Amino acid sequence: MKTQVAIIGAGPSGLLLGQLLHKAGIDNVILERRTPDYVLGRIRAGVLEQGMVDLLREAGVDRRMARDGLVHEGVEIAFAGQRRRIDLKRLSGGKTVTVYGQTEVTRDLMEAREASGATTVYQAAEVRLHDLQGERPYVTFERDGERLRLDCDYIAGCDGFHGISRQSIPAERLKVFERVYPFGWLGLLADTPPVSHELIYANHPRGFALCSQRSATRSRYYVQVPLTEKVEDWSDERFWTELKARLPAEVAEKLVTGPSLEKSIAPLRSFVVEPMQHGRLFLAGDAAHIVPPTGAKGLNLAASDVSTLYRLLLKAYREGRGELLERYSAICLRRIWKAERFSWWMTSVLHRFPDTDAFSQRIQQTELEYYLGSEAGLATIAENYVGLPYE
């Protein structure tokens, strides 16, 4: 079989790039290891930047978002008995963030592709990439026991952190930057009305807590746990008690608990690879980088890689300007690094680290005191949160 752009992975990056490309007339096939069911089961992201909201409109998959998505004009940080709100709207010059689940964005894109008639192969086993540096690269996979070959011009690895793409580039060609945090995030999705109309990030001596939502009747809560924790050691009862314990009394007493729909632990890490391409292979999304969930930048950074990749591929096909693909990595990394720095900053100020000395604890407290108390301090959190401008 022959396509123009072979896309590995059908999570938001692949689906979004597939839809952007198909709409512009560039044929593409998407190969996915799993079933549509498993992809749709991943809870993940809740906060979207206006950059992605616009790219979804541009890809024509925004009807449902514009109806169900909640537009948030502020966030709240809690520490040392105080609850400080950051007015994103005022401090960033009118930009905001939209809360709409990744499971939804992924569902909408899946349906759109399903209707478009563009090719998608779920349960595509043992994907191997070939002749990446050639003029004609190919992808091979197994469907029902028979090994097929797919020919294409370019390949886009949108296969997440554990994908085959990044592994297909010679090690000596990539330089890895990584940091693994000594903790994880225990999340819990409940069919209960959220404790606030805005998100409440919270620093507390027992550890970090986050009050988020999916809609007016669906919530998503998180608490920091050691990497040694097993999710089956955390009953619903225990999660509510622990969450309540880390939030301000006024917030803790308005909390409406309930059984969990989903409950899982996600480890925190920062990871960046340089460069993000190799021959006819361009990495996008988690395949190329991971950011701690603290700053809500993962899905949003994928959106920008995918926007930059699509626009360059348009020039390549539509205008024959294929030499611009060489700049993919350069453009992307400038944005990736700044979002990596924020996610790192946020993580370090909101979390309790093991074996922190008196001086560090104090500096962590003063950071929040300064930033949340200064107009210029607040403006730096706001512009970074709403999302730094796309290049």
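Numbers for residues come from their place in the sequence shown, where the first is 1.
Of the two segments examined, 193-201 and 81-89, it is 81-89 that shows the higher average Cα temperature factor in the deposited entry. Per the PDB record, of the two stretches 204-212 and 120-128, 120-128 carries the greater mean B-factor over its C-alpha atoms. The top Cα temperature factor in the record, among 289, 113, 280, 318, falls on 318. The residue among 265, 156, 313, 148 whose C-alpha atom has the highest B-factor in the PDB entry is 148. For residue 59, the recorded CA temperature factor ranks within the highest third of the chain's modelled residues. In this PDB entry, residue 174 carries a Cα temperature factor that places it within the highest third of its chain's modelled residues.
Annotation for residue 366: CA B-factor lies in the middle third of the chain's modelled residues.
Ranked within its chain, residue 9 lands in the lowest third, by CA B factor from the PDB record. In the PDB entry, a CA B factor belonging to the highest third of its chain's modelled residues is recorded for residue 38.
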